[PDB]
Amino acid sequence: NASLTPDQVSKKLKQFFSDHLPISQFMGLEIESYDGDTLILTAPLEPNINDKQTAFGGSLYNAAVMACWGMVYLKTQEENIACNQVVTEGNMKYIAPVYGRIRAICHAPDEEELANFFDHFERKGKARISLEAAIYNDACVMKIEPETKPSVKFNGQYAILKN
Amino acid sequence: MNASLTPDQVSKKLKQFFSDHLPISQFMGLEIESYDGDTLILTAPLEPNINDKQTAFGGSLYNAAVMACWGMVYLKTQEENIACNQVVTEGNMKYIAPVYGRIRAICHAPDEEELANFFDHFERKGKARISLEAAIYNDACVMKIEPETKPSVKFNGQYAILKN
């Protein structure tokens, strides 16, 4: 309600992770930035590491799946919608290893889609939406660019359901 | 050269591996429940893997299945005394229903033909790929992937082994 600004709703999400998702706390998953259009989550490599000293694939998935879940949550908060949110599917392709800090980047779906989606939830009390996230290794990327090839691609579907 | 390893011997190797190398598995309480050569079952308690609704978080569900299939590939590779690096290449999950307590992820060995072609391709080329499925159930008695009980989660994973 009084939480509509990117800083104000980021604080809500940070709190949600810290209150409810012990795994996000083990992984050191934090919000790096949110400006209303792009969410970036980051996590240190060390707890997310494997035997080859690169990022465990499940941690790359968790960062991506929480980036897109995070983006849905931030949208529901900006819209002051009370609901349960669930992932209904998540798909990852691992193209190259990640061997530093994990940074998962999710862009908001367009306003029309978001409007349709919130419209559907109003009418039926259920609504679904698909999102994508990317993780890069070589570049300090601020956006999922058409140019740059990602190290990992994620696409997921998320649903919001009436209380 | 050594003889191939039995299910008990290699199961120990994978136990040691998670412990030495994957800190996330120790956080999650992830354990090998059983391995008999044909089926790998991994288990983890709910408490570290929980979400806001008091059910298993979808990310922890994915970690259990992705590691169950990675585990299966590692077990077959080790049984066979193959020295290699092993990576996931793809992992897809469909969430069908909540998991309400202990998490058990079940993975079966690929076909004997599939395994043979995979090790032969690795031998000749220094790389090979294989795909497997895993499922997670609420039911305590389930010991294999079966038509007769719809899973809470389904997972398809593809893995590569690489000469080191």
Side-chain angles (χ1 to χ4, degrees), chain A residues 15-29 43-69 73 83-98 104 152-159 161 163, chain B residues 14 16-30 44-70 74 84-98 105 153-160 162 164:
Chain A
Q15 204 56 233
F16 187 96
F17 285 165
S18 166
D19 288 359
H20 302 305
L21 293 180
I23 208 149
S24 72
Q25 301 308 101
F26 172 82
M27 296 171 57
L29 194 67
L45 170 70
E46 309 91 76
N48 297 299
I49 210 168
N50 60 24
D51 58 317
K52 302 160 210 88
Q53 298 217 54
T54 50
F56 169 53
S59 287
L60 296 172
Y61 181 86
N62 273 78
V65 81
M66 289 196 269
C68 294
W69 185 100
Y73 179 86
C83 63
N84 284 254
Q85 197 178 312
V86 303
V87 216
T88 58
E89 91 180 72
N91 301 316
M92 177 159 281
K93 345 200 178 93
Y94 303 85
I95 296 157
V98 174
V152 173
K153 308 171 153 147
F154 170 90
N155 73 86
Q157 187 185 57
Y158 293 85
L161 313 168
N163 296 305
Chain B
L14 173 66
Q16 190 62 40
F17 180 103
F18 280 148
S19 188
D20 286 347
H21 299 304
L22 269 170
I24 179 93
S25 72
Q26 312 309 110
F27 173 76
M28 280 179 70
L30 182 97
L46 178 68
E47 194 257 7
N49 295 116
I50 214 177
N51 58 26
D52 57 311
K53 298 168 254 301
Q54 266 36 62
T55 65
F57 171 47
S60 288
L61 294 181
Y62 185 93
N63 292 346
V66 77
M67 278 184 292
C69 296
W70 187 96
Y74 174 84
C84 65
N85 287 132
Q86 187 191 317
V87 291
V88 222
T89 257
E90 189 158 325
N92 301 328
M93 176 165 282
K94 179 62 179 104
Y95 297 91
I96 298 166
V153 166
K154 294 180 145 157
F155 169 85
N156 288 313
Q158 180 189 240
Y159 296 81
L162 311 163
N164 51 33

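By convention in this document, chain letters (A, B, ...) are assigned in the order of the sequence lines, proteins followed by strands, and residues within each chain are numbered from 1.
Using a 4.5 Å heavy-atom threshold, the side chains of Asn63(B) and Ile23(A) count as touching. By the 4.5 Å heavy-atom criterion applied to side chains, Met92(A) and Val88(B) are not counted as neighbours.
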Show the atom names and distances, to 0.1 Å, of all donor-acceptor pairs under 3.5 Å that link a side chain in residues 54-61 of chain B to residues at least two apart or in another chain.
residue, atom, partner, partner atom, Å
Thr55(B), OG1, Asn51(B), OD1, 3.4
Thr55(B), OG1, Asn51(B), ND2, 2.7
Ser60(B), OG, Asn49(B), ND2, 2.8

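Contacts of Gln157(A) with chain B are absent, with no heavy-atom separation under 4.5 Å from either backbone or side chain. For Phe18(B), no part sits under 4.5 Å from any heavy atom of chain A, backbone or side chain. Contact of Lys53(B) with chain A is made through the side chain alone, with heavy-atom distances under 4.5 Å. Of the two parts of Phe154(A), neither the backbone nor the side chain holds a non-hydrogen atom closer than 4.5 Å to a non-hydrogen atom of chain B.
The stretch residues 21-30 of chain B participates, sequence neighbours left out, in no side chain to side chain donor-acceptor pair (under 3.5 Å) pair at all.
Most heavy-atom pairs under 4.5 Å with chain A: of the set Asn85(B), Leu22(B), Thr89(B), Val66(B), this distinction falls to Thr89(B).
Nearest heavy atoms, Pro23(B) versus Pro47(A): CB-O, 3.9 Å.
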